[PDB]
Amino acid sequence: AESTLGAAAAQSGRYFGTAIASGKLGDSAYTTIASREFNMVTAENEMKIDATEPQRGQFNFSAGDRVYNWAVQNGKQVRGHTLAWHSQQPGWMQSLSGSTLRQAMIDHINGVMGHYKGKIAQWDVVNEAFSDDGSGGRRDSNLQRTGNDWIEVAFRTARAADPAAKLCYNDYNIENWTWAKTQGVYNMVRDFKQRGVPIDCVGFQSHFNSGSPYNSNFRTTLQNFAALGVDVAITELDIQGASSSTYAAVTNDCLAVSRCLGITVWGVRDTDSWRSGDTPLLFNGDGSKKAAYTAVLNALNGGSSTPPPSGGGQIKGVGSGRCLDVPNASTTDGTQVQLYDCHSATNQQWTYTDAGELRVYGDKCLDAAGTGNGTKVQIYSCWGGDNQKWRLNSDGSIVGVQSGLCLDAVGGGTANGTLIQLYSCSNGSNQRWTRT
């Protein structure tokens, strides 16, 4: 369809997934969102080295199958995460070196992939093998010490274990094209493809924050890797602050690249995130869709037709032909907004911020005083509350994040002075808005 992320992505042959935590599958609020929005699943921890092989030789797939089963039963493919990694290695592997580790690594791969043979769409065969030292070289780990050729061996092994699975190299901070880490990974994959090493994909974790910000050149990075002859996938996406524009930009970068299989966000609600302090996901802890959720859905669905009032613009009601107006250009907090003949004026110029606010006068925010039908919509000092955040639906409707209700011209009024309130979305013309 086009009302959920997974369905929207499928329209272009792609998937939109998440990271599932087994301990939450018992939470109905959690599973209600997950089963509905995503068609791809990655076990957040259940399929890692320490979890699938607690003791060398003895494999445990209980927790993993739990996630795997839920996924397939609910219509989702699975990304295996992960086979060869320097982190989250069980204690016994952390003490292995030389040719014995190399052997342990190979066994582990055969074991996990054997168990899930033919059931995994994508396997993160090797994860984070490059350093952040700025040199573009291999990270210094027990695995790297077994020989520079360990990555290649891991991939050749994997291909044997399960030729049906797409084999990916996964890593973070390899999104910005100008980074040495990015280039080192690029050179490696190019080489692998030239020498014939069995690698089918590169996973871009895409953990963006002010420390390592998203950069428009991310698309260039994806296109370059795609040109090598391998698929690309956004594997663990989360953006600090969950900016609508950035989430939409990453989404469009994937859509702009034919080889971009899909996008996986690292968690369901912000409260489930490994970095909840950055409220980096698409759903609030209370389960409500954030502004970024609708920006992603719209991008996946192809979006609108023409460019929006990028910073500054009027919001005109479809049924009335009138604009959202702040009475007498008042700046008083608590002043309820109204409908009025459109004209150039600041009290009619609204800016949609990446945070999902509809700002007027620069520091005033469209604000909902409550969450039920009839709630008054007014201006109030901006502070970031969810009752000041809105989702801009592609159907012309504007929905409050906190209330999940639509901007509504009271009683379907069209005359000047008609007040604005929150009300159950009805697709009515007094709940649809366009551009002047």
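If you superpose the two forms and keep the largest set of C-alpha atoms that fall within 1.5 Å, you have the rigid core. Counting begins at 1, following the sequence as shown.
Looking at C-alpha RMS in 6 other deposited structures of this protein with the core superposed, is it 122-130 or 321-329 that drifts more?
Of 122-130 and 321-329, the stretch deviating more in 6 other deposited structures of this protein is 321-329.
Do you reckon 159-167 or 217-225 strays further from the shown form in 6 other deposited structures of this protein, measuring C-alpha RMS after a core fit?
Output: 217-225, the stretch lying farther off on average in 6 other deposited structures of this protein.
Given that the flanking residues are present, does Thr271 go without coordinates in at least a third of the other entries of this protein?
no, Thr271 modelled in all other entries.
Are coordinates for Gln348 absent in a third or more of the other compared PDB entries?
No, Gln348 has coordinates in all the other entries compared.
When the C-alpha temperature factors are averaged for each of 333-341 and 141-149, which stretch ends up with the higher value in the entry?
The entry gives the higher C-alpha B-factor average to 141-149.
Going by the B-factors listed in the PDB entry, is the mean over the C-alpha atoms higher for 204-212 or for 151-159?
Looking at the recorded C-alpha B-factors, 151-159 comes out higher on average.
Among the choices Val197, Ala291, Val265, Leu297, identify the one whose CA B-factor in the record is greatest.
Of the options given, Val197 has the highest CA B-factor in the PDB entry.
Considering only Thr246, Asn170, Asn217, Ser304, which residue's Cα atom bears the greatest B-factor as recorded?
That would be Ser304.
Taking the C-alpha B-factors as the PDB entry records them, is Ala34 in the lowest, middle or highest third of its chain?
Lowest third - that is where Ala34 ends up once the chain's C-alpha B-factors are sorted.
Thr251, C-alpha B-factor rank within chain (lowest, middle or highest third):
CA B-factor rank for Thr251: lowest third.
Third of chain Cα B-factors occupied by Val399
It falls in the bottom third of the chain.
Among the modelled residues of this chain, does the Cα B factor of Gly57 put it in the lowest, middle or highest third?
Within its chain, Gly57 is a highest-third residue by C-alpha B-factor, going by the deposited values.
Taking the values exactly as deposited, rank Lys193 by C-alpha B-factor within its chain and report the matching third: lowest, middle or highest.
Highest third, going by the recorded CA B-factors of the chain.
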